[PDB]
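To keep things clear, I will list the structure first and then write my remarks on it.
There are 2 protein chains.
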Amino acid sequence: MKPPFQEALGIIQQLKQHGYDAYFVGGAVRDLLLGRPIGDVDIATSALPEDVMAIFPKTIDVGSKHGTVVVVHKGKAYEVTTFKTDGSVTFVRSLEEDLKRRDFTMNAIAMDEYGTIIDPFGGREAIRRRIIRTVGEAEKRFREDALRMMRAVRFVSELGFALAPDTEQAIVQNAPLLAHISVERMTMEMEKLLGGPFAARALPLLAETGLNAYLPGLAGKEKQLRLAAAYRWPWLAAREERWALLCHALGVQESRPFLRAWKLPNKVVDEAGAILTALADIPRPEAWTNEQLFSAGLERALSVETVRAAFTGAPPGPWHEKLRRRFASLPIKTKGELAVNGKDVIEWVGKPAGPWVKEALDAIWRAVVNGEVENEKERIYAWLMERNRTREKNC
Amino acid sequence: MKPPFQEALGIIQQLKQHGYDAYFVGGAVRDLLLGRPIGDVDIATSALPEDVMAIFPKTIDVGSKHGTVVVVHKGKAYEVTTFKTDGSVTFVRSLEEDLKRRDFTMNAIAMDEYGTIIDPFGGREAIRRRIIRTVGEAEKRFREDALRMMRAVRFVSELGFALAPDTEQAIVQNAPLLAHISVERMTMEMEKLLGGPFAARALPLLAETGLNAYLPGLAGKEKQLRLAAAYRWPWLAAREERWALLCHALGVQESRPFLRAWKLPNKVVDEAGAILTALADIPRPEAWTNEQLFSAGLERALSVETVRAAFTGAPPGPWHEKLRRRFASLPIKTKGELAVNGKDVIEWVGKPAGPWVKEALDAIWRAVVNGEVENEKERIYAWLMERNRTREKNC
Ligand SMILES: [Mg+2]
Ligand SMILES: [Mg+2]
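Keeping their order, the protein sequence lines are chains C and P.
The first sequence begins at 1 in this note's numbering and counts up one residue at a time.
The second sequence begins at 396 in this note's numbering and counts up one residue at a time.
Here it is as structure tokens:
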């Protein structure tokens, strides 16, 4: 009885005492059998959502409409679910009828309070063999929910399982059905597929199956995806960096339109381009300039080099260290630190408040950062003065 | 800085460090200022749902669509909410614009990381004066959501605040608007209103305001409600017992149709009847009979006597003690304990399996429970035998 379940045992135990019968189902089970670290433990029971909210003090209705209720037990969230058969939804009392609705064998295992594995569908073999197989007719399933084909590729990314001959086949055959699923639900899948320690072979597959050309911006990029294999995906730390590379490997032009089609939140789509851009502008890690670095701000700067590593093959280490070094040598790290404010430049150059002011400060920092003049009021003054009569000798 | 908030401080603290600005808003605040034990601490912020799910490890999307996200911090659930103006919903950055959307003054208070109360709407005075006042035009508010009038009466139940002259007035005027709100949402409100330490005066009000005659089964019972005042509501322990009494005080006939209209879950509407029934059947606490008790099974039995107390004025104490005493003297406490099963009566009276069997066993327990015959196989046998030739001397 590994600690993940140990704690959550209570929930089962309690639901059983009130005469209900419940099981650990789900990834948690697979993850145990497979020997991955165990993430969320999930419980399913014959107890109806209400009965669940009656027995446990802290409850959190998430969707009692489809039989799910989150139960805060001993300071951890647990997803409790009333057995169901995907039609509205129908509640039953048969564990077996519930698992039979699950997506792929390796998911439809279950384990009881005593630790006794209940694999009625071969999950257990699927996991030994490291294979993704559909629970029932690979075809029929995909018809009910096309997104199921998405996840299949995803799982390949997160687990390094291989598709099943029949499963894989079916996908290609029913690929089109995808254009019916909301973009949203497509994003999240693609999102996980990209952090896969196997993404390196997930993306290719995405093309070798029909699935390509029904996903936003991935029209006919077949070639590009397969080539993607080489990219060192796994070192991508964060979301932006991920999408960043997704582009650069699809030889994408304008970042903005594309990433937006995937209905990603703005901040991402912006910071995505940010890097992509900075990446195109600086082609070599030696060439980062006090300016560009200052502009891009440490975080991004590093994220660039990493995206870059993800492509070159070169490890960031040395760069990341160097960047972090310089960044603390920049005699200013944000504009707010500038010794000298816009109203200082006005009272100084006897000129009315305008657009010329931007340009001014915009050249005072670029001059502080580049170590031309100190970041002290007095000195920036002379500096600006003696530079303005120079623009009278130049024209 | 009282412990309930002390712990949740972390959340604010972290959201501020990422440049967002958040506050304890809600009942928590009211409860502090009022001096009640503090229930759920609620946080609202300018950080958008996503930013919230980015910063905290364990998140639980409940409804990011309306700006709410549950954040499990240090082993407790906290309802975090992006500031909003009730239109779909519009997110802002002004705390003030958020509180301005809250139902009643006493709710629209807020407190900052340093413990500095922000009452921009008189909540703080409302709490001193112990009054329920609408945030803005009592009329306009009720038009947006009629249920707001419900809560108003509820709060009276939970708090013992009085309605505001203008608030109260408005309710009667816009009473009708209620029939537009889903029954579901009406039940929950009624539910809380019944557990009120001031329910005793909440139900009356419910009638003195239009609000009566738009709520299920509460058509023209005006009289009944006001009289309700006398009932010792507050000793009601559980849900059934509550509804039980709600009936008995409205002089309700058939429990089943009524309670159902309030879309209460079956188990309740059954156990409600259960008591209401056993209550009509046994009019005095001395009269419980081994049979009846055995039938109703300790729990309900007590629940009867309490519901009764809630009405008579007599304290349960002595009865609840006496019931609990007998119930362990009943020589059986369920039918499952019966020494003798139905297949025993068949191989015994050489007759084919039928309906006469029920009637048999159904008189063997009734005879065990009443202490006529032991609950041993042998002895029940003779007893059954020697009683069956008696049904030959009788006709
Ligand atoms: Mg968990
Ligand atoms: Mg809480």
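We treat Cβ as the ideally placed atom computed from N, Cα and C, and that holds for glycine.
| Item | Value |
| --- | --- |
| Alpha carbon to alpha carbon, how far is C/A229 from C/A175? Give it in angstroms, no decimals. | 22 Å |
| By DSSP, does P/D437 sit in helix, in strand, or in coil? | strand |
| Once the 5 residues before and after C/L338 are set aside, which same chain residues still bring their CB inside 6 Å of it? | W365 |
| Where the beta carbon is closer than 6 Å to any heavy atom of ligand 2, which residues qualify, in chain order? | P/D435, P/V436, P/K471, P/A472, P/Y473 |
| Can you pull the chain A residues whose beta carbon is under 7 Å from the beta carbon of C/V72, in chain order? | The chain labelled as chain A is not found among the protein chains of the depicted structure, namely C and P. |
| Checking contacts by CB at 9 Å: is C/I43 closer than that to chain P? | no |
| Under 9 Å between C-beta atoms, does P/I670 make it to chain C? | no |
| Please tell me whether C/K267 has its Cβ less than 9 Å away from any Cβ of chain P. | yes |
| Label C/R325 either buried or exposed according to how many other C-beta atoms from any shown protein chain fall within 10 Å of its C-beta, with 16 as the threshold for buried. | exposed |
| Of the choices C/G273, C/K343, C/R30, whose alpha-carbon is the least far from that of C/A353? | C/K343 |
| Since C/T289 sits in a beta bridge, which residues does DSSP pair it with? | Per DSSP, none; premise fails for C/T289. |
| What would DSSP say about C/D145, mapped onto helix, strand or coil? | coil |
| Are there 16 or more other CB atoms within 10 angstroms of the CB of C/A328, so buried, or fewer, so exposed? | exposed |
| Under the rule that 16 or more other beta-carbon atoms within 10 Å means buried, what is C/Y114, buried or exposed? | exposed |
| Identify the continuous beta strand (DSSP E) that holds C/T81 and give its terminal residues. | 76-82 |
| Of all the alpha helix (DSSP H) runs that stay within the bounds of the stretch 498-530 of chain P, which reach a length of 4 or more residues? | 518-524 |
| Under 8 Å Cβ-Cβ, which residues of chain C neighbour P/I455? | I60, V62, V70, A77 |
| Which residue from C/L330, C/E305, C/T312, C/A310 puts its Cα closest to that of C/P318? | C/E305 |
| If we call anything under 9 Å between Cβ atoms a contact, is P/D498 one with P/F478? | no |
| Can you find a C-beta in chain C that's less than 9 Å from the C-beta of P/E445? | yes |
| Quick one: is C/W356 buried, meaning 16 or more other Cβ sit within 10 Å of its Cβ, or exposed? | exposed |
| Could you pull out every residue in the same chain whose Cβ sits closer than 8 Å to the Cβ of P/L542, ignoring the five residues on either side in sequence? | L573, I576, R580, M581, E584 |
| With DSSP collapsed to three states, give me the class of P/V664. | helix |
| What's the call for P/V567, buried or exposed, on a 16-neighbour Cβ count within 10 Å? | exposed |
| Drop a sphere of 10 angstroms on the beta-carbon of P/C790, count the other beta-carbons inside from all chains shown, and report buried for 16 or more, exposed for fewer. | exposed |
| Do you know how far the Cα of C/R93 is from the Cα of P/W778? | 41 Å |
| Give me, in chain order, the residues of the same chain whose beta-carbon lies closer than 6 Å to that of P/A521; leave out the 5 immediate sequence neighbours on both sides. | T500, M501, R528 |
| CA-CA distance, C/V156 and C/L48? | 34 Å |
| Taking all protein chains shown into account, do 16 or more other C-beta atoms lie within 10 angstroms of the C-beta of P/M780, making it buried, or fewer, making it exposed? | exposed |
| Please state whether DSSP places C/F56 in a helix, a strand or coil. | coil |
| How is the alpha helix (DSSP H) around C/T167 delimited, first residue to last? | 165-174 |
| Could you name the residues of the same chain whose beta carbon sits closer than 8 Å to that of P/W683, not counting the 5 residues immediately before and after it, in chain order? | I677, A696, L718, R721 |
| Cβ of C/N375 within 9 Å of Cβ of C/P331? | yes |
| Which one of P/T604, P/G414, P/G482 has the shortest CA to CA distance from P/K460? | P/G482 |
| What's the gap between the Cα of C/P3 and the Cα of P/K453? | 18 Å |
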